[PDB]
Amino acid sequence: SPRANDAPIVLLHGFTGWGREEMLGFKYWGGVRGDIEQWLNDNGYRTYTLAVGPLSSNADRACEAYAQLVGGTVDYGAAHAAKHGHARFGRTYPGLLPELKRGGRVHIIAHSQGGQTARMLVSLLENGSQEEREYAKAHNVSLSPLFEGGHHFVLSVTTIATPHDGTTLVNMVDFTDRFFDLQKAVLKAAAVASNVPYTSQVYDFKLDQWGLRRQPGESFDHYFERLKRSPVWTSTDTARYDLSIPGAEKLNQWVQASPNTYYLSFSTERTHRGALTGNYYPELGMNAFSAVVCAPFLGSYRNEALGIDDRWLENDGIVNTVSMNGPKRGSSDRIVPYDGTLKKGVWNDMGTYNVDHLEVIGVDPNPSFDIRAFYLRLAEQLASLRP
């Protein structure tokens, strides 16, 4: 497979994922195994890392990704912003790859939620947003080029353990919510952290658009009343909604595979099936948090009404394996098993790997998994793609 393009690679993390300047240099992409970006760069593959909202909707993360790539101030869209009640504009970036404005292409490699974000970015680049176009013209406000349509700079999207159909882990959270609302707890924690010096050097929640921080002149009384009125607490404009079974399908109904882009999917499992129940159980070696908290639910929760059947029980500790090969629920995308030749406009299913959600990015150890070879082989396939 000879090298047919020299397009750069960008890495795109999933839910909770953090940038290279965060977490004391402990890399999301590589974890305890090393630095994946550096492995790629060392082997002749130009690679950069994106850092978007760890807890934000794919829509918000897509706009952030766009800005970080070509440069400029993040623009969530006037219509979207009005609808969800958060700021329209966000952070300002100088641009990682302005060449993309001048005919350059890029490969995106994404993990978990990042796969949803990457699909959405491609859809927005290709087709823009009709709602944002109409709103801008109707109200006479500016429009981000992201919503124009007619941009084609993404050559490939690779997803690793992505919940294209959602994960039933959100269903567990729906149950737990009755006694412990996890979304609200995390947001309250982020609101506190926003007021504490230095914390964002360790972990940057990137929730500026909700204004969780006390503003310069603001009394605690004003602040508290202002926070009480924020729509953020019960918003569906979050990663949680997009990761859920209903939310992922909603995403799938408009975010489709572009005919100009190669899509690769990698699936993951770290479980074994019980002979009597057909339930799936975490293998020894699965990271402890997933093994105790998530895997038991993922491997036993059924909802025949929703079409959550026995096929949903195999998992990698965070996401149901069947969700990973490509979007299916509410989707018209085609998914084909890899046959030695990568095809445009369809999901190339590259197979299922016996590795858990965190092991596949090296955050959890697994000496049996040759993670270097995994990513270098992937880079070689992407470089083989004919533009």
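Throughout, we count residues from 1 along the sequence that is shown.
Student: Going by the B-factors listed in the PDB entry, is the mean over the C-alpha atoms higher for 136-144 or for 214-222?
Tutor: The deposited B-factors put 214-222 ahead on the C-alpha mean.
Student: Check the entry's C-alpha temperature factors for 176-184 and 105-113, then say which stretch has the higher mean.
Tutor: Looking at the record's C-alpha B-factors, the answer is 176-184.
Student: Going by the entry, which of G95, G77, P197, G317 has the most elevated CA B factor?
Tutor: Answer for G95, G77, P197, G317: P197, with the highest C-alpha B-factor.
Student: If I read the C-alpha B-factors straight from the PDB entry, which of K343, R329, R61, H357 is highest?
Tutor: Comparing C-alpha B-factors across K343, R329, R61, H357, the top value belongs to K343.
Student: Ranking the modelled residues of this chain by C-alpha B-factor as given in the entry, is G307 in the lowest, middle or highest third?
Tutor: Highest third, going by the recorded CA B-factors of the chain.
Student: How does the C-alpha B factor of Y353 compare with the rest of the chain: lowest, middle or highest third?
Tutor: Tercile = middle for this residue's CA B-factor.
Student: Taking the entry's C-alpha B-factors for this chain, is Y48 in the lowest, middle or highest third?
Tutor: Middle third, going by the recorded CA B-factors of the chain.
Student: For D165, does the deposited CA B-factor place it in the lowest, middle or highest third of the chain?
Tutor: Lowest third, going by the recorded CA B-factors of the chain.
Student: Place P365 in the lowest, middle or highest third of its chain's C-alpha B-factors, as listed in the PDB entry.
Tutor: It belongs to the highest third of the chain when residues are ordered by C-alpha B-factor.
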